[PDB]
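In the form deposited in one PDB entry, a lone chain appears below as structure tokens.
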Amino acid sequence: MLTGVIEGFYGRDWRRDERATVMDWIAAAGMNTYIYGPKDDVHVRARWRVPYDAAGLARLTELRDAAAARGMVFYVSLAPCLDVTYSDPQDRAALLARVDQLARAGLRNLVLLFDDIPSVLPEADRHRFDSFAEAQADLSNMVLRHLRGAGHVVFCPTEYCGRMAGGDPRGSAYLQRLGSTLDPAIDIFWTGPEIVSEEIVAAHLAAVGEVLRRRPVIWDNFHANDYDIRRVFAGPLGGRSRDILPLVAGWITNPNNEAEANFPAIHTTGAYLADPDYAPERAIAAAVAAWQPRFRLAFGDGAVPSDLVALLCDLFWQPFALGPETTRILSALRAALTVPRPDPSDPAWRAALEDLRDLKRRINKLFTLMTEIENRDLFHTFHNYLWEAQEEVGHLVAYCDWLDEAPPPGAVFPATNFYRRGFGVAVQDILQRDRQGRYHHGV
């Protein structure tokens, strides 16, 4: 089974030391694959016809050797999809020359990406190929046949999730033609019913396997989506049962473009793949214990305490869920805010308010400690998210402190995809602002 990480994002690519770090994490998680395809690298996609110069090729061979030393197979990406004429001898030759340059260097493991195509097939292709599917498969088979039995090919389809495929993937003309034309030795990426899938279920993957005529390699965007750079997810992998593993040929985690964000994603995904009894809250506890040394404070032996690293995960948990600890604190608050004016002597209101004030104290401590850690990149990764978390809990405690002083009914607080969730969203959910500018809690 092919398992690991794809470096495929926009923005700065990873430094050599960052790539080493992430590879160590992949190896320790019991995974076995690193795929290289950064948007930073002009050769992968934007100018895919242009072979690497001598130095670039050498950078790739050294990465391979670095992954090999760790027990990992190294793949190189090629994305000849934006402006290819699939039948054109010159374009076919250009793709084969890319493949040949890599293969001769001993880079024989390739990913061919077709996720961004024109609306209509080029009329140079239309009499020879009946579809994009037929065209992409022929071009990819050509690559496979060139490698002469040494090397492996993974294909990223144009329709790579259920919504793009039209719902039921068996209903897609593209996928139907792809499954019957693409050589069986070529693997195919799949992200689930959506680009970022809340759940990936057995029945769904059975349908995918039917139409692809093979089990897919999962390309999981749960922790990161190349086209959503405003989010960080440090919680455990969730929404995928162990019972789907006999239905897949691999598991490739899409990483956050910030290297340091990815520790729990990789650690818990590793646990999911290896352990029959995987349970997300137990897995995240294990990841917090292993992650904590990276939180060493500058100029000392101490580190951010475990309880506060666990809070970091809880606050920035999953795309469709706040972490369990902060969810319960906010839910107990909602349940005491069923009345317009909470009774300050009420035990339930009092309990809910103390756990909120305590949550603010712990966020404030975590925020301050993070500014003081030795690993400055880890600090930068979480700073703005923690800044916003701090401001939001600040506003909510201020609001509830005001309700606790028992204001008159008429007084107002003095100023200064729907499955998706987060701390910021959950706070505003409770503390709303009406058309007049007035904060309230939905009476």
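We call the rigid core whatever largest set of C-alpha positions still superposes within 1.5 Å between the two forms. We number the residues from 1 along the sequence you see. Only residues modelled in both forms are compared.
One more form of this protein, deposited in another entry, exists but is not displayed; see below.
* If you fit the two forms on their rigid core, which residue out of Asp228, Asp307, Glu354, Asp116 shows a CA shift of at least 2 Å between this form and the one not shown? -> So the only displaced C-alpha belongs to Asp228.
* Asked: Rigid core fitted, is the C-alpha displacement of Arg12 between this form and the one not shown 2 Å or more?
  -> Yes, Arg12 moves 2 Å or more.
* **Pair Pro80/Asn225, Cα separation in that other deposited form versus the displayed form, closer or farther by 3 angstroms or more** => Compared with the shown chain, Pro80-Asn225 is farther in that other deposited form.
* Using the form shown as baseline, tell whether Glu392 and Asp226 are closer or farther in Cα-Cα distance in that other deposited form, where the change reaches 3 Å or more. => Compared with the form shown here, the C-alpha atoms of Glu392 and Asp226 sit closer together in that other deposited form, by 3 Å or more.
* Listed by sequence position, which runs of three or more consecutive residues have C-alpha shifts of 2 Å or more between this form and the one not shown, the rigid core held fixed? -> Only these runs move by 2 Å or more: 9 to 12, 225 to 230.
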